[PDB]
Amino acid sequence: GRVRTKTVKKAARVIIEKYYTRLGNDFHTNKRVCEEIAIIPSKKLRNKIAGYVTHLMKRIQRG
Amino acid sequence: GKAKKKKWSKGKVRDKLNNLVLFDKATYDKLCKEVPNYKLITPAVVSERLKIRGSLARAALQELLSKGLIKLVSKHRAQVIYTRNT
Amino acid sequence: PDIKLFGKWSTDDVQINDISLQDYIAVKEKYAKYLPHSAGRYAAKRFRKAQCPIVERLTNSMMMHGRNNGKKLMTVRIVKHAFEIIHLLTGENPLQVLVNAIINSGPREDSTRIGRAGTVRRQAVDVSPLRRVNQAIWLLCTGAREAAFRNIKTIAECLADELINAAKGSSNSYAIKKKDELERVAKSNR
Amino acid sequence: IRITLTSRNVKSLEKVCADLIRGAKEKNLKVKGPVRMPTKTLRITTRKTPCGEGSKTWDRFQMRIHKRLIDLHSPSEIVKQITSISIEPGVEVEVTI
Amino acid sequence: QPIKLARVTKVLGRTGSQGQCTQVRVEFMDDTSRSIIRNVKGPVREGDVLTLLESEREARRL
Amino acid sequence: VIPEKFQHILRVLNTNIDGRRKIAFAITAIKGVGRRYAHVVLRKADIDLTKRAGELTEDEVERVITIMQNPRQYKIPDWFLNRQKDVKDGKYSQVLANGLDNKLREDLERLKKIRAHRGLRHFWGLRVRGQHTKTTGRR
Amino acid sequence: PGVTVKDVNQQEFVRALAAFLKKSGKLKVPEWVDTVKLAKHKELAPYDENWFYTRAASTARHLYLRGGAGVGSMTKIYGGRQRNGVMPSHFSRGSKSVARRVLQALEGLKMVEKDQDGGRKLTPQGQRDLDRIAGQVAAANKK
Amino acid sequence: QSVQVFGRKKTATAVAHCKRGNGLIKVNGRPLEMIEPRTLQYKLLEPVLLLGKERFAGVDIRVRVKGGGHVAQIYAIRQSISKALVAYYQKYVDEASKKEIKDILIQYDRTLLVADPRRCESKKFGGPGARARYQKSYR
RNA sequence: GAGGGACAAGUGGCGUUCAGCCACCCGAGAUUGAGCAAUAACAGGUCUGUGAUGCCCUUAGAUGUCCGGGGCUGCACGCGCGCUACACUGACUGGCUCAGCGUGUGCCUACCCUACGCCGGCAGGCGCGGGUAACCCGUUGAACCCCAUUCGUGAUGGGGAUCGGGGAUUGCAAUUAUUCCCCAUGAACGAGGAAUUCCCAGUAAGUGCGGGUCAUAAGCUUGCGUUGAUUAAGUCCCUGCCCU
Ligand SMILES: [Mg+2]
Ligand SMILES: [Mg+2]
Ligand SMILES: [Mg+2]
Ligand SMILES: [Mg+2]
Ligand SMILES: [Mg+2]
Ligand SMILES: [Mg+2]
Ligand SMILES: [Mg+2]
Ligand SMILES: [Mg+2]
Ligand SMILES: [Mg+2]
Ligand SMILES: [Mg+2]
Ligand SMILES: [Mg+2]
Ligand SMILES: [Mg+2]
Ligand SMILES: [Mg+2]
Numbered sequence: 002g003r004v005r006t007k008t009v010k011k012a013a014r015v016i017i018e019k020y021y022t023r024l025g026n027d028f029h030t031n032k033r034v035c036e037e038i039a040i041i042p043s044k045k046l047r048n049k050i051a052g053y054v055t056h057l058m059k060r061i062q063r064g
Numbered sequence: 028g029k030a031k032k033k034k035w036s037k038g039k040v041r042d043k044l045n046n047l048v049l050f051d052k053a054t055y056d057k058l059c060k061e062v063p064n065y066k067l068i069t070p071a072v073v074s075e076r077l078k079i080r081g082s083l084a085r086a087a088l089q090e091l092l093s094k095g096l097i098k099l100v101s102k103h104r105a106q107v108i109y110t111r112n113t
Numbered sequence: 015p016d017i018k019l020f021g022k023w024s025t026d027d028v029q030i031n032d033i034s035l036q037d038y039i040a041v042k043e044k045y046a047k048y049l050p051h052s053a054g055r056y057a058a059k060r061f062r063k064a065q066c067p068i069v070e071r072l073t074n075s076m077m078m079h080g081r082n083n084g085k086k087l088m089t090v091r092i093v094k095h096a097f098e099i100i101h102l103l104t105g106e107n108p109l110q111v112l113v114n115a116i117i118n119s120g121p122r123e124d125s126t127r128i129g130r131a132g133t134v135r136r137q138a139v140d141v142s143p144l145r146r147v148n149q150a151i152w153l154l155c156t157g158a159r160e161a162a163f164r165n166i167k168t169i170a171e172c173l174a175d176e177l178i179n180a181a182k183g184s185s186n187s188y189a190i191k192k193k194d195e196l197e198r199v200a201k202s203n204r
Numbered sequence: 020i021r022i023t024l025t026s027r028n029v030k031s032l033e034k035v036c037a038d039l040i041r042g043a044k045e046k047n048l049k050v051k052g053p054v055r056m057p058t059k060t061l062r063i064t065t066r067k068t069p070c071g072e073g074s075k076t077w078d079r080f081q082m083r084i085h086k087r088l089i090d091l092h093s094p095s096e097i098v099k100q101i102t103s104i105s106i107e108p109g110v111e112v113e114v115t116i
Numbered sequence: 007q008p009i010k011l012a013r014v015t016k017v018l019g020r021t022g023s024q025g026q027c028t029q030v031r032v033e034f035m036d037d038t039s040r041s042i043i044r045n046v047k048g049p050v051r052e053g054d055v056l057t058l059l060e061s062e063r064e065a066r067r068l
Numbered sequence: 004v005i006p007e008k009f010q011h012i013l014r015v016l017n018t019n020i021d022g023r024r025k026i027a028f029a030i031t032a033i034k035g036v037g038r039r040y041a042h043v044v045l046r047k048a049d050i051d052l053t054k055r056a057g058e059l060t061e062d063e064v065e066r067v068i069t070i071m072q073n074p075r076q077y078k079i080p081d082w083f084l085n086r087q088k089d090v091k092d093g094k095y096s097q098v099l100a101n102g103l104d105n106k107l108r109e110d111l112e113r114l115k116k117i118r119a120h121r122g123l124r125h126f127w128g129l130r131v132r133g134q135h136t137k138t139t140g141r142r
Numbered sequence: 002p003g004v005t006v007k008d009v010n011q012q013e014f015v016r017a018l019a020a021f022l023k024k025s026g027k028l029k030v031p032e033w034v035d036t037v038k039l040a041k042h043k044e045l046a047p048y049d050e051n052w053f054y055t056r057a058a059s060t061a062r063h064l065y066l067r068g069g070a071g072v073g074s075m076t077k078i079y080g081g082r083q084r085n086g087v088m089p090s091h092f093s094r095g096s097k098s099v100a101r102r103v104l105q106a107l108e109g110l111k112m113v114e115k116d117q118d119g120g121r122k123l124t125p126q127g128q129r130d131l132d133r134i135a136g137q138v139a140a141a142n143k144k
Numbered sequence: 008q009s010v011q012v013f014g015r016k017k018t019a020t021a022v023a024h025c026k027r028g029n030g031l032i033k034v035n036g037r038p039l040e041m042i043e044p045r046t047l048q049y050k051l052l053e054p055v056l057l058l059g060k061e062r063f064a065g066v067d068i069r070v071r072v073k074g075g076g077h078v079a080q081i082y083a084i085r086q087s088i089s090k091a092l093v094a095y096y097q098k099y100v101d102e103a104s105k106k107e108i109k110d111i112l113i114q115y116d117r118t119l120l121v122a123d124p125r126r127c128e129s130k131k132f133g134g135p136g137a138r139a140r141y142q143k144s145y146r
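Chains as they are written, first to last, in the authors' numbering: chain BR, 2 to 64; chain BZ, 28 to 113; chain BF, 15 to 204; chain BU, 20 to 116; chain Bc, 7 to 68; chain BS, 4 to 142; chain BT, 2 to 144; chain BQ, 8 to 146.
1) So what does residue 138 of chain BF bridge to, in DSSP terms?
2) CB of residue 80 of chain BF to nearest heavy atom of ligand 1: below 8 Å?
3) For residue 136 of chain BQ, which residues in chain BU fall below 7 Å Cβ to Cβ?
4) Would you call the CB atoms of residue 57 of chain Bc and residue 122 of chain BF closer than 9 Å?
5) Within 10 Å of its beta-carbon, does residue 62 of chain BU have 16 or more other beta-carbons around it, so buried, or fewer, so exposed?
6) Applying a beta-carbon distance threshold of less than 8 Å, which residues of chain BT neighbour residue 37 of chain BQ?
7) So, residue 120 of chain BQ versus residue 90 of chain BQ, is the Cβ gap smaller than 9 Å?
8) Which partner residues of residue 19 of chain Bc appear in the DSSP bridge assignment?
9) Since I believe residue 35 of chain BR is in contact with residue 17 of chain BR (beta carbons under 8 Å), could you give me their beta-carbon distance rounded to a whole number of angstroms?
10) Three or more beta-carbon pairs under 8 Å between the region 79 to 93 of chain BU and the region 137 to 145 of chain BQ, yes or no?
11) If you measure from the CB of residue 89 of chain BZ, is any heavy atom of ligand 9 nearer than 8 Å?
12) Select from the region 25 to 58 of chain BF all residues with a C-beta closer than 9 Å to any C-beta belonging to chain BQ, and list them in chain order.
13) Is residue 93 of chain BU helix, strand or coil by DSSP?
14) Which residue's Cα is closest to the Cα of residue 116 of chain BU: BU/103, BU/94, BU/78?
15) Can you check whether the CB of residue 99 of chain BZ is closer than 9 Å to the CB of residue 108 of chain BZ?
16) Helix or strand or just coil, what does DSSP make of residue 45 of chain Bc?
17) Taking 9 Å as the CB-CB cut-off, is residue 47 of chain BQ touching chain BF?
18) Near residue 197 of chain BF, what residues of its chain come up, given a Cβ to Cβ distance below 7 Å and the 5 sequence neighbours on each side ignored?
19) When you compare the CB positions of residue 67 of chain Bc and residue 28 of chain Bc, do they come within less than 9 Å of one another, or not?
20) By Cβ distance below 6 Å, which residues in the same chain neighbour residue 71 of chain BQ in space, the five residues on each side in sequence not counted?
21) May I have the straight-line CA-CA distance separating residue 52 of chain BS from residue 50 of chain BQ, to the nearest angstrom?
22) Give the residues of chain BQ in contact with residue 75 of chain BU, contact being defined as C-beta atoms less than 7 Å apart.
23) Taking C-beta to C-beta, are residue 75 of chain BQ and residue 19 of chain BQ nearer than 9 Å?
24) Looking at residue 128 of chain BT and residue 111 of chain BT, is the spacing between their C-beta atoms short of 9 Å?
What follows is the structure, given as structure tokens:
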């Protein structure tokens, strides 16, 4: 059930579209980069955003 | 009140089998001549095979174990496990 | 460095005579341990039930019917008594004849409802070998329990009696009774 | 001389305790730590309905009682100055000599 | 009436009135690649050698 | 080891029958005497409790019956008995076998004189302490 | 070597401790208990006739281990399951007169020191007694 | 020179204090061979009979338990032994022995080193258990 | 208390650039249990929760109000939720042995929890002491379980209702109900027809404790633990729901 919510995918696409540059292919680094470039109210939401951000990075780096 | 019961399964185990509280001398000589020759001695086996009440069975077993003919393997709550040498 | 043994036992060279029950009986060396009572975590995944040792499975199916529910200390005591009975009776290590009773116990074909969405003929189908091990242990403990109900005999004596008369399937045991009864119904619905 | 802070919520408890430690440690006061007494929980369970119709449906109310002890062995003249703090209305203070 | 043994290759699905049965192929070990479709109740993986009491059944479904 | 002693059943208190199962649990068959009063009588008679009823001495039987018919001569204080003090005589006594149903008939007879409703509902087909009788004791 | 009372099998220990109470005769068992007395809430008297020696052995053991107990404390040590019948069972307390009886017996026989806020505790006399008994039961265990 | 590790069974915790010395076992004042269940007076032996001679012969290990239940204490003491060896090897005898003996213990059983997070479920309001409910009533 | 730690992130396979699923390593855990909970309704229930209330009715010989008894309990019956059981995997008797929630007094109007010692067989009593509580009850020495004894297939000692006599204790009062204890009495009941409920892992079930009611007070209910399985991990036949 990783069917992730509209707000999560929305904020994730906004994050990658604004700041592609800081984000890398390392999940634990990208997690802390999300708290620097955004305001996330909760840690579960941080983890969900960062996971789908890394899964988008493994597509954008691909094609 | 009226006696109504919803199931009918009569004819129990064997219809109040009689059992001797005290061993006669013929039964005691039968003990002394073939209770060595059994392979495993429990009070249940001795009771159901020789028509003995279980307390009398435990009395006879604790007798002949004190003779040392029988060999104890273990004892616990409700099971008494025996053998004979050879 | 020691050999992993149950009590006074070897717990070794127990050979399942056929295949179709290998890897569902955990009698092997990587799943042989001292006591049957282990940390039960065997409902997590479907097929990880196979890694339980069959002696623990025999204890688990032995504790039933409310009055005896729980009390794994009591049922491990029962198994400890029963192996001590089978050791004195004919030798031939009780783990081996337990495996032989499991083989010559559970049914190999049954009857069930199949489709076509009409009148159900109770069609004869096969059986999973996991379900053979399960139904084997269930029929063994059921026969032992309702044999030891209301007699001078004990759970230990009736359980050892049921295991020995199931490893020697001479039509006196309740496991061979329900074995033959299920195969006759399957042949009649064949 | 000890001070018992028994409060209604955890955040105001932590804030008044941090203010007390910050107003304590600039002086030469040997301070024992904010020891955490265990949380008492007063529970009330209620039938939820004025008449007994429907599914049996129960409330489950809780309050959390929090408590911190701090020991300040001193002359009581300093403790009179320590007492004067604009304190949050959800916090209760005991002083014991 | 010989008894044959057969090991599972695939799982075609779960069928029955209750969904209890599993239509599967046990292949045949004795000769070349012969495989019939038989019903099994109870859990079954790949690599489960199955005991057959008749190798002449085939109750197929799509 | 006591091989065999020739006894099956005694005649005690002119009405009752003792078997051979034990001594302390076969004196139980006498009315008015149950679980613990026998274990009082047995331990005052100093009998080994392992022995059966079919292995015991008739002199010791008569001594037991003496303990049964009169406890207060030896010991066995007043609180333990069946017939408490305050009676149509005030005697701290133990009721007998045949005397028990007679004392019960005297109880019901003197409650019927008073017409206390305890004895009245006892004479009716009812329960005295049976607080609810919608479902209790049907048929 | 050193043998302490915890280092021995435990029901084996009380089996000899009740005997070495009977050897000395360190007991004041007055009248009613010798007559007949039930336990906490029980139906029969106990079978083993020296059960006051047995209770005294158990009391001596528990006062050696958990010191400072009293009458009601040892009353709750013994532990009551009272099957009331149709109405289900509960934890019922032991009898109080035997609980203070064994205390009065061991106090008169010089095996009870007083913890003054509480009650009974060990004496050095009873320490030597219980300890030599544990040593000889350990020797009987190995032998 | 000593390390204290814990048991963490379900609500049973064994403080295991391992000090250098000849080898002793204090379980609540009482040695190894005397535990409260006679049946599980082999299960707790599994770390000792699995490690062997020169390892307990090198470490003193004493155990203090304020646990929750009989069977829970056995697994708590068991896992406390198996973790006490791990931490005493991290302090005293190097990783080339520690990870190897830890691999032997884990390839035997994971629960000797890994605590299982399985506590109770809270008793739900509708039924008498945590999952079950009362009987409904139709007509 | 602050913070960290778990996201399908890593591998492989199935996948349309996908969405995602399956299997496995590592981890403590590959997700646990709840709470809250939409739009619109029922002619659902409460006027007996209210000084929340319309209208009607009664208001001095009262449908207001006290006060004394009685009663909702009264039994040829049928039905619902449950407790104890039907015994040997057990009862009896002794010994051994480990918990967790949480509760406790001079209170916004009437209120305790118990430690110790001594008397009594038990229920209980009398003096003394503590606790407005991580301080004392209370290292809550619980039951189940475990070891040993006796009982031996017998309506037996399983079963404990029925009921005779007595003794404490609350209370203003227990008798047509208190409650607790002792002795006595010792029934039906042999695992239950038609049918039906509940339940997937610390789960059902055995077992005891704490709270609510209260003075006396649990078989009820609500939380806590303690010992701890079997069989699934699937379908839409039966019951019922959601979308075309
Ligand atoms: Mg049941
Ligand atoms: Mg809604
Ligand atoms: Mg009003
Ligand atoms: Mg009513
Ligand atoms: Mg009815
Ligand atoms: Mg209901
Ligand atoms: Mg009884
Ligand atoms: Mg009877
Ligand atoms: Mg129903
Ligand atoms: Mg029960
Ligand atoms: Mg209550
Ligand atoms: Mg109350
Ligand atoms: Mg109620």
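Beta carbons are placed, not taken as given, at the ideal position from N, Cα and C, and that holds for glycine.
Taking the coordinates as given:
1) BF/125
2) yes
3) Within 7 Å Cβ-Cβ: nothing; residue 136 of chain BQ doesn't reach chain BU, min ~15 Å.
4) yes
5) exposed
6) 7, 8
7) yes
8) Bc/29
9) Residue 17 of chain BR to residue 35 of chain BR, Cβ: 10 Å. No contact.
10) no
11) no
12) 44, 47, 48, 49, 51, 52, 53, 55
13) coil
14) BU/94
15) yes
16) strand
17) yes
18) 121, 123
19) no
20) 22
21) 41 Å
22) 133
23) yes
24) no
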